[PDB]
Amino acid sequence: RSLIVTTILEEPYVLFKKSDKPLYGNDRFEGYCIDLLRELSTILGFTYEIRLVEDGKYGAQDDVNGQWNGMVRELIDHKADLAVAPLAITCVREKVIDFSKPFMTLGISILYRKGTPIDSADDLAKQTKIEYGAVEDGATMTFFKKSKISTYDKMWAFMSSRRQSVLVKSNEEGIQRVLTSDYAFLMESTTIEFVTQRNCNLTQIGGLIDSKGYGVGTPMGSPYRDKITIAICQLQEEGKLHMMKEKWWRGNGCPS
């Protein structure tokens, strides 16, 4: 039996492979998470079918009714066996789904343009001329919501009282807003690293604000979770996780 693997389109983790002819099935995707998924299947010996989350969402809990959406809800309802995606392992998701050990470490940081007085979230928090936000219903947005730290709680009051105007639906939308307006985008440092190598005008501002991991998600209590953690340890041991990251982030396009 074939495991259903739910994912989401996000460069350079998961993308449509470019070719002159129609591609079908798993063959039509490529990226870091497609390579990882492939290495996992050959270690653990399963077959799989990749499907993109119908929602287009990562997975947040809505306050009004306590229900999840996105990739998390797909695993909650057992419509997927695994989620191989840049899905952040967070405490609020660990209550409803299970994660393998992280296959990559990252943090929330700020994507903005080179050449400004802003050099930390602290500088953003204390003003309102430069708008900022994050992907709505992602892990970054939940960081700000739960923090009892002045700077981050103040950034959440700002974003919160301007939801319909400063929260974006995807990273690409946030990236487009940084490039076309006075807007700073809170997003994950791994993605920022990929993005600032293709746009020399963009830069990560300040350091990492938190620290987290991407792990493969599974429904709560499933037995593949421990198998997958052991496969990830082996790939880490062998340097393959590292090789996969140089391959997908290879692009000495801009100066660092």
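Sequential numbering from 1, following the sequence displayed.
Undergrad: Comparing 151-159 with 110-118, where is the mean C-alpha B-factor higher?
TA: Comparing 151-159 with 110-118, the higher average CA B-factor belongs to 110-118.
Undergrad: Tell me which stretch, 187-195 or 50-58, has the higher mean Cα B-factor listed in the entry.
TA: Taking the mean C-alpha B-factor of 50-58 and of 187-195, the larger value falls to 50-58.
Undergrad: Out of 228, 200, 34, 220, which residue has the highest Cα temperature factor in the PDB record?
TA: Highest C-alpha B-factor among the listed options: 200.
Undergrad: Just the C-alpha B-factor column, please: which of 93, 177, 146, 169 has the biggest number?
TA: The listed residue with the largest C-alpha B-factor is 169.
Undergrad: By the recorded C-alpha temperature factor, relative to the other modelled residues in its chain, which third is residue 98 in?
TA: Its C-alpha B-factor belongs to the lowest third of this chain's values.
Undergrad: Based on the entry's values, in what third of the chain does the Cα temperature factor of residue 69 lie: lowest, middle or highest?
TA: Lowest third, going by the recorded CA B-factors of the chain.
Undergrad: Mind checking which third residue 38 falls in for C-alpha B-factor across the chain?
TA: Its C-alpha B-factor, which the entry lists for residue 38, ranks in the highest third among residues of this chain.
Undergrad: With respect to C-alpha B-factor, does residue 205 fall in the lowest, middle or highest third of the chain as deposited?
TA: Middle third, going by the recorded CA B-factors of the chain.
Undergrad: How does residue 245 rank on Cα B-factor within its chain, lowest, middle or highest third?
TA: It belongs to the lowest third of the chain when residues are ordered by C-alpha B-factor.
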